[PDB]
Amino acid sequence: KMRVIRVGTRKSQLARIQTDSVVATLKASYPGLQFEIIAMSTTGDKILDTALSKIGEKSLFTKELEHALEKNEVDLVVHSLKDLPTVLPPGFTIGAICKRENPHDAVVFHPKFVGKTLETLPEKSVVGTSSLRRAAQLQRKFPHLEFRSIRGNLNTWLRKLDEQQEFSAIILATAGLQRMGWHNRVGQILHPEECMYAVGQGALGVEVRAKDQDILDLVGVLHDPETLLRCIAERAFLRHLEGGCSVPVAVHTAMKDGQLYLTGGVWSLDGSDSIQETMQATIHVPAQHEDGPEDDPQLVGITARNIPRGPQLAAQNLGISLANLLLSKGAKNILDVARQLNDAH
């Protein structure tokens, strides 16, 4: 008579690990409840057909899992929160924001360079990254290094670094290496003054059907209030800038002393044009849960009716406030130019 909770996952190693970690946490709250993990790999030729824009191989993967949700083949999927756009299709929502892992970008160094930092690499060292945000910030901070795209999966990146002669280092998210059990490869954790992280980096988001109240009820136990509020602010900031996908936008948040701090910035692709500012608001981390009404609208794609709504609205307002500041200083022109340049391919 029950529902069996079907959990859809991509087939990549990191996605499978993330999915299973969320399932384990759910089973800890709901022992005996039946879960079924369903791995999906279907070639998404039909989603590219309907697209009026270039999608990209990664963005295609997210759309494929929403298709599984829409067709009632699975009941929830687990994403890195930074892979979920700030505007979701109307039938979907993020029903859980899990406790954040390390949000910072990290450096892995060529083995001859143990003990080094980007600051102490030889001039003209070649550093691999395929992220426009990382390349923009790091080119500005480190004008005497060379930042180049690097092809392949993580295992290929690390093999190229250990075996070949091109790259002195690579940049990637600390959280990915953490989840791979490979934190011992990290040689430097980048601070906001070197490289601020992507909106939502390090948090997992659970996507579900927007009106599937039974599943929303179950997964709401996963919401971490502090991570929820930080990520609402980061995503509201990004949404309100109204830039395209991918262009260089980065953030830093902290909740401390009863305050929520949000730093946000935009960069041209080469890093030479930038605007960054910090704002704060008095918001404390709620310790109580609640049973908010089903009519409450989601906030930047997130349904968290069991967490007090006042602080969520305040976090959203902080992000909007900071976006409006950046826009009054010319952020739209920086974002538009970056989008047009990145639309060349």
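In this text, residue numbers run from 1 along the sequence as written.
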Which is higher on mean Cα B factor in this entry, 165-173 or 260-268?
165-173
Which is higher on mean Cα B factor in this entry, 227-235 or 145-153?
145-153
Have a look at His240, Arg159, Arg209, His104 and flag the one whose Cα has the highest B-factor in the entry.
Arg159
Whose C-alpha has the highest temperature factor in the PDB entry: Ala304, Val300, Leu65, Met279?
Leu65
For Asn72, the third of its chain by CA B-factor is the middle
Taking the chain's C-alpha temperature factors as the reference, tell me which third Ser29 falls into: lowest, middle or highest.
middle
Of the three thirds of its chain by CA temperature factor, lowest, middle or highest, which one includes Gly187?
middle
Taking the C-alpha B-factors as the PDB entry records them, is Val249 in the lowest, middle or highest third of its chain?
lowest
Could you look up the Cα B-factor of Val114 in the entry and say which third of the chain it sits in: lowest, middle or highest?
highest
